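Notes for the one structure printed next.
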Amino acid sequence: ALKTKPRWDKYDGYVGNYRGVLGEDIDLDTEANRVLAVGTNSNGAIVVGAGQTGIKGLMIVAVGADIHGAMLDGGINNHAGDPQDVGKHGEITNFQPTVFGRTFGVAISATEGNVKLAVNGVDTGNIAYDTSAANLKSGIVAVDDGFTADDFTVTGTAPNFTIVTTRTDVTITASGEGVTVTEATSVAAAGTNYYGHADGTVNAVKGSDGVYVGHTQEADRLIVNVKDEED
Amino acid sequence: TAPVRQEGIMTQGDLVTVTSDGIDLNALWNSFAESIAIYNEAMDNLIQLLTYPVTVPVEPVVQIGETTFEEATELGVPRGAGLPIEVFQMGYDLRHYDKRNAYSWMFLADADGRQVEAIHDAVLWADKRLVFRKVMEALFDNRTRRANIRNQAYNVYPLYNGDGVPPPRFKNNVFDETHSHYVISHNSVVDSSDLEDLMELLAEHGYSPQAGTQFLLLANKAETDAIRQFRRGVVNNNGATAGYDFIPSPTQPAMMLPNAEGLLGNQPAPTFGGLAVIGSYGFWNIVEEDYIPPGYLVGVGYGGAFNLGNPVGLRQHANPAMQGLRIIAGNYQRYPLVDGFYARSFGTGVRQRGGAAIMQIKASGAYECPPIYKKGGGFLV
Amino acid sequence: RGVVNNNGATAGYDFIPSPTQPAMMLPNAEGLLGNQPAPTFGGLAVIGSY
Amino acid sequence: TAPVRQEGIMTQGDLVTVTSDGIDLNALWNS
Amino acid sequence: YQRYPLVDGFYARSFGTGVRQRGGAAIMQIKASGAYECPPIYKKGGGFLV
Amino acid sequence: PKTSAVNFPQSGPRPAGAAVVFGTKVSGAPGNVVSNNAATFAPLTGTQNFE
């Protein structure tokens, strides 16, 4: 048709897969129809990411869409205080990793002079082949497009940087010679261990906070078996 | 009964049996039936006055639609004409509630049928307390809800609350987007003035004694014990002076008529719908009701030229099998466990948004929903 | 009703005399809004109601 | 608030017709 | 105009007015000083609607 | 209000064999005072004109 989207295939509901209530509203553009790593806050309530307890399960907020492909707003399973289902043991099919915003690797091929990047196709002010991480931020912010500093993050050292963003509607590219840009990408990989994080993302990498949530088999599936986070 | 809730699988040792000294405890489950009946009659009288089956009227928007003649001439011709039209609709929410009961095979081997019938009855009692809470919460919680039908998202509304279509103009009263029927007294104790200020919220839209509108005031004992003191031309709380007499109903204890003139008002019938009326003040029939929390007045209009009705629309699920309280077979069936479910689905919304008003009696700040009728607070009154 | 009695307390009601009490004049020809109490309760004699 | 008069030849674009979502606005002129 | 591209039609009325018994009625305006004013809603040149 | 939107609750047939997933309706339930006093909101028309 056009897209498949993650769903519980096996979820029992008597074996410590549990009902709770949300502590917060779920973002329908950013968090619905995704595999969310979840904990509980200092009240009885489900939160995306590490609450008071750390990660205790996975949640899929299943939401329909209109015939034009937008999410149905008036749902009863996605606002604060709505009831939701959290799984520790089960299978998720049409599985995909979960990531928030956009992130771009920038790297400079030039060893002298200046280079140029485009934000949503409009060109940035010139930046040195040795600009500071502070001056990629200042360059990228400084165009009359209305995004401003408030929704960019930058980190790196002169040869390369990561431009992170919380929004989906901003795209970085190269436009001048002497610089290359790749958006990061995530897709499920067969025979891999997946890991929930304090953000609520589910990824193949355990950093300093990753809590094992399951392993895939064939890439389109996840066998969920949450090694619950502990103190 | 006490606010204590055992949950989980019923096991041996959760059994009730005749005691060693011969007390048949399984005879005693119905021992609160009188209090439950007094609670069942109070809720049913309120539900029958506050609620009605939903309909979807097409809401009229008043339009200009002007045209005029001009003076004719023997040569030449007059100008043309044309007219506008516009309308809207309002909707209702729906939500799903359930409960489970579960027994071990050892429990079911030894149990008296009277014990599992008591658990059934106590679930049927928790069902009333839920549907009554949602009827009250639909009127008391001044927050706007969202719902979806035919892929369209729409607001579900309480009384006028500063959201949605403003009230239409009436005579010279004209209303902006912020207009609200959730108000405060501005004083820590109820005045006769507050019963005038509350009446004005219905009368500003034409729902009025002149229009033939009947009025009901629901209040707690905490307020009615002040309202019983209102004597015409005598000062009350906060320097207010009562414009009318409180008139006791035929059921109340008698009073000496204090003046040759007689009391300014009319003596009410002893009931409004099924509720027991304590008396009137001005045009309000006053009902004593502990299901209204202390420090709140609820004024409701009925009838008149505007044909006011019950404020809250009740929605059932479109599937015939989804309707009423239903008992459902569980996933565990024989051994070692048996389980079963109870489920209800229904919802609410206010279409007639001006026909009632709520006042919180306090000095300052916005109106607060009483916690007992706030949406997130629980499943029992 | 509305008159302060002992210790600063104000009455919510009138004491209403029973039919066995001596006659009295009232400011209004209707006298009472409501009835006088019945003159006996059980087998005891009632002086009035409050 | 104050009245306005539409005047001219009634054209297409002055038509009132059944809405995208099926409201018969032409049942309502007597309102 | 009768078929295509236009159709039109007219409404017409003819009538008028006057007073015979000139003394049989009177109008007072409530004001401190100056002449009687015809109220603009009923002044002859002001329009064709009440 | 001068007319009401016609409600249309059965869009088509309903799936067979689901009759156990929904319970039996207990008859004497005290909360049935509310659902006896309720009706189906399923308007066919004007669904883009909720305001």
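Chain labels A, B, ... are given in the sequence in which chains occur in the structure tokens; within each chain residues are numbered consecutively from 1, and ligands are likewise numbered from 1 in the order shown.
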Could you please tell me, as a PDB file with N, CA and C atoms, in the first residue's frame, which residues of chain A have an atom within 10 Å of chain B when using only C-alpha atoms?
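This went into result_30.pdb:
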ATOM      1  N   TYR A  14      -1.138 -11.276  30.699  1.00  0.00           N
ATOM      2  CA  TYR A  14      -1.157 -11.868  32.041  1.00  0.00           C
ATOM      3  C   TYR A  14       0.237 -12.118  32.632  1.00  0.00           C
ATOM      4  N   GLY A  64      -4.559   5.565  14.146  1.00  0.00           N
ATOM      5  CA  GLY A  64      -4.964   5.603  12.743  1.00  0.00           C
ATOM      6  C   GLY A  64      -4.579   6.906  12.049  1.00  0.00           C
ATOM      7  N   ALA A  65      -4.817   6.967  10.750  1.00  0.00           N
ATOM      8  CA  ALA A  65      -4.651   8.184   9.969  1.00  0.00           C
ATOM      9  C   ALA A  65      -5.824   8.382   9.008  1.00  0.00           C
ATOM     10  N   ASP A  66      -6.127   9.627   8.663  1.00  0.00           N
ATOM     11  CA  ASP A  66      -7.124   9.937   7.634  1.00  0.00           C
ATOM     12  C   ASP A  66      -6.655   9.489   6.238  1.00  0.00           C
ATOM     13  N   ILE A  67      -7.531   9.520   5.229  1.00  0.00           N
ATOM     14  CA  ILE A  67      -7.175   9.076   3.866  1.00  0.00           C
ATOM     15  C   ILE A  67      -6.060   9.918   3.226  1.00  0.00           C
ATOM     16  N   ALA A  70      -2.723  11.984   7.486  1.00  0.00           N
ATOM     17  CA  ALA A  70      -2.515  12.510   8.825  1.00  0.00           C
ATOM     18  C   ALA A  70      -3.166  11.891  10.090  1.00  0.00           C
ATOM     19  N   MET A  71      -2.429  11.930  11.192  1.00  0.00           N
ATOM     20  CA  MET A  71      -2.793  11.210  12.415  1.00  0.00           C
ATOM     21  C   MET A  71      -4.096  11.742  13.013  1.00  0.00           C
ATOM     22  N   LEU A  72      -4.983  10.851  13.455  1.00  0.00           N
ATOM     23  CA  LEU A  72      -6.262  11.220  14.073  1.00  0.00           C
ATOM     24  C   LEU A  72      -6.056  11.827  15.483  1.00  0.00           C
ATOM     25  N   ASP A  73      -6.308  13.128  15.678  1.00  0.00           N
ATOM     26  CA  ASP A  73      -5.991  13.858  16.926  1.00  0.00           C
ATOM     27  C   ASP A  73      -6.817  13.454  18.163  1.00  0.00           C
ATOM     28  N   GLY A  74      -8.114  13.223  17.992  1.00  0.00           N
ATOM     29  CA  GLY A  74      -9.052  13.008  19.097  1.00  0.00           C
ATOM     30  C   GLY A  74      -9.052  11.603  19.708  1.00  0.00           C
ATOM     31  N   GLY A  75      -7.936  10.892  19.664  1.00  0.00           N
ATOM     32  CA  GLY A  75      -7.807   9.549  20.229  1.00  0.00           C
ATOM     33  C   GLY A  75      -7.942   9.503  21.749  1.00  0.00           C
ATOM     34  N   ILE A  76      -8.106   8.310  22.311  1.00  0.00           N
ATOM     35  CA  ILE A  76      -8.315   8.075  23.748  1.00  0.00           C
ATOM     36  C   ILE A  76      -7.255   7.147  24.353  1.00  0.00           C
ATOM     37  N   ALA A  80      -2.245  12.500  28.369  1.00  0.00           N
ATOM     38  CA  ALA A  80      -2.016  12.267  29.781  1.00  0.00           C
ATOM     39  C   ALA A  80      -3.293  11.728  30.439  1.00  0.00           C
ATOM     40  N   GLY A  81      -3.140  10.711  31.273  1.00  0.00           N
ATOM     41  CA  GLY A  81      -4.233  10.033  31.950  1.00  0.00           C
ATOM     42  C   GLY A  81      -4.993   8.999  31.122  1.00  0.00           C
ATOM     43  N   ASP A  82      -4.787   8.890  29.812  1.00  0.00           N
ATOM     44  CA  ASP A  82      -5.297   7.746  29.055  1.00  0.00           C
ATOM     45  C   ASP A  82      -4.597   6.442  29.457  1.00  0.00           C
TER      46      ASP A  82
END
**Request:** Please provide as number ranges by chain all residues within 12 Å of residue 15 (chain D), with the sequence filter that same-chain residues fewer than 5 positions apart are discarded (counting only C-alpha atoms).
**Result:** B: 82-85; D: 9-10, 25-26
Could you please take those selected residues and save N, CA, C and O atoms as an mmCIF file, in the first residue's frame?
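Writing the result to part-v7.cif gives the following:
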data_model
loop_
_atom_site.group_PDB
_atom_site.id
_atom_site.type_symbol
_atom_site.label_atom_id
_atom_site.label_comp_id
_atom_site.auth_asym_id
_atom_site.auth_seq_id
_atom_site.Cartn_x
_atom_site.Cartn_y
_atom_site.Cartn_z
ATOM 1 N N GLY B 82 -29.168 39.543 -3.142
ATOM 2 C CA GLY B 82 -28.626 38.224 -2.779
ATOM 3 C C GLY B 82 -28.500 38.023 -1.263
ATOM 4 O O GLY B 82 -28.507 38.997 -0.516
ATOM 5 N N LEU B 83 -28.413 36.776 -0.789
ATOM 6 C CA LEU B 83 -28.493 36.405 0.637
ATOM 7 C C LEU B 83 -27.426 35.368 1.059
ATOM 8 O O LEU B 83 -27.152 34.455 0.285
ATOM 9 N N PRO B 84 -26.864 35.439 2.280
ATOM 10 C CA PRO B 84 -25.956 34.437 2.847
ATOM 11 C C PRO B 84 -26.658 33.383 3.722
ATOM 12 O O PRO B 84 -27.765 33.615 4.195
ATOM 13 N N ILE B 85 -25.999 32.257 4.025
ATOM 14 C CA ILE B 85 -26.436 31.280 5.041
ATOM 15 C C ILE B 85 -25.250 30.481 5.606
ATOM 16 O O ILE B 85 -24.263 30.243 4.914
ATOM 17 N N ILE D 9 -25.997 40.912 -10.351
ATOM 18 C CA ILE D 9 -26.439 39.669 -10.977
ATOM 19 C C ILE D 9 -25.943 38.501 -10.125
ATOM 20 O O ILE D 9 -24.757 38.425 -9.818
ATOM 21 N N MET D 10 -26.820 37.574 -9.766
ATOM 22 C CA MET D 10 -26.443 36.332 -9.111
ATOM 23 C C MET D 10 -25.738 35.416 -10.104
ATOM 24 O O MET D 10 -26.349 34.946 -11.062
ATOM 25 N N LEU D 25 -27.831 22.994 2.866
ATOM 26 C CA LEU D 25 -28.063 24.398 3.188
ATOM 27 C C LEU D 25 -29.337 24.974 2.548
ATOM 28 O O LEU D 25 -29.897 25.927 3.057
ATOM 29 N N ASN D 26 -29.840 24.412 1.456
ATOM 30 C CA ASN D 26 -31.056 24.896 0.814
ATOM 31 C C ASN D 26 -32.351 24.461 1.497
ATOM 32 O O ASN D 26 -33.396 25.032 1.211
#
Would you pick out the contacts of residue 47 (chain C) at 7 Å or less, using only C-alpha atoms, so that residues sharing its chain but fewer than 3 positions from it are not included, and give the list as a PDB file with N, CA and C atoms, in the first residue's frame?
ATOM      1  N   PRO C  17     -46.006  26.618  68.879  1.00  0.00           N
ATOM      2  CA  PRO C  17     -46.798  26.044  69.951  1.00  0.00           C
ATOM      3  C   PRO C  17     -47.706  24.922  69.463  1.00  0.00           C
ATOM      4  N   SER C  18     -47.890  23.918  70.300  1.00  0.00           N
ATOM      5  CA  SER C  18     -48.860  22.847  70.094  1.00  0.00           C
ATOM      6  C   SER C  18     -50.306  23.323  70.271  1.00  0.00           C
ATOM      7  N   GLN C  21     -51.594  24.497  73.785  1.00  0.00           N
ATOM      8  CA  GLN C  21     -51.064  25.736  74.346  1.00  0.00           C
ATOM      9  C   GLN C  21     -52.114  26.862  74.316  1.00  0.00           C
TER      10      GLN C  21
END
**Request:** Compute the set of chain F residues within 12 Å of chain D, using only C-alpha atoms, and express it as a ChimeraX atom specification.
**Result:** /F:1-6,43-50
What are the closest atom pairs, with distances in Å to one decimal, for each residue of chain C lying within 12 Å of chain B, using only C-alpha atoms, rows by chain and rising residue number, as a Markdown table?
| residue | atom | partner | partner_atom | distance |
| --- | --- | --- | --- | --- |
| C:1 | CA | B:255 | CA | 8.0 |
| C:2 | CA | B:229 | CA | 7.1 |
| C:3 | CA | B:229 | CA | 10.9 |
| C:10 | CA | B:229 | CA | 10.1 |
| C:11 | CA | B:229 | CA | 9.4 |
| C:12 | CA | B:229 | CA | 7.0 |
| C:13 | CA | B:255 | CA | 6.8 |
| C:14 | CA | B:255 | CA | 5.9 |
| C:15 | CA | B:255 | CA | 8.3 |
| C:16 | CA | B:254 | CA | 7.3 |
| C:17 | CA | B:256 | CA | 10.4 |
| C:18 | CA | B:254 | CA | 11.7 |
| C:24 | CA | B:256 | CA | 11.6 |
| C:25 | CA | B:256 | CA | 10.9 |
| C:26 | CA | B:256 | CA | 7.8 |
| C:27 | CA | B:259 | CA | 5.3 |
| C:28 | CA | B:260 | CA | 4.3 |
| C:29 | CA | B:260 | CA | 7.3 |
| C:30 | CA | B:257 | CA | 7.6 |
| C:31 | CA | B:257 | CA | 5.7 |
| C:32 | CA | B:256 | CA | 4.6 |
| C:33 | CA | B:255 | CA | 5.4 |
| C:34 | CA | B:254 | CA | 4.5 |
| C:35 | CA | B:254 | CA | 6.2 |
| C:36 | CA | B:254 | CA | 7.3 |
| C:37 | CA | B:254 | CA | 8.8 |
| C:48 | CA | B:254 | CA | 11.1 |
| C:49 | CA | B:253 | CA | 8.4 |
| C:50 | CA | B:253 | CA | 7.7 |
**Request:** Please provide the set of residues having any atom within 6 Å of residue 196 (chain A), restricted to only C-alpha atoms, with same-chain residues fewer than 3 positions apart removed, written as a list in words.
**Result:** residues 37, 201, 202, 210 and 211 of chain A
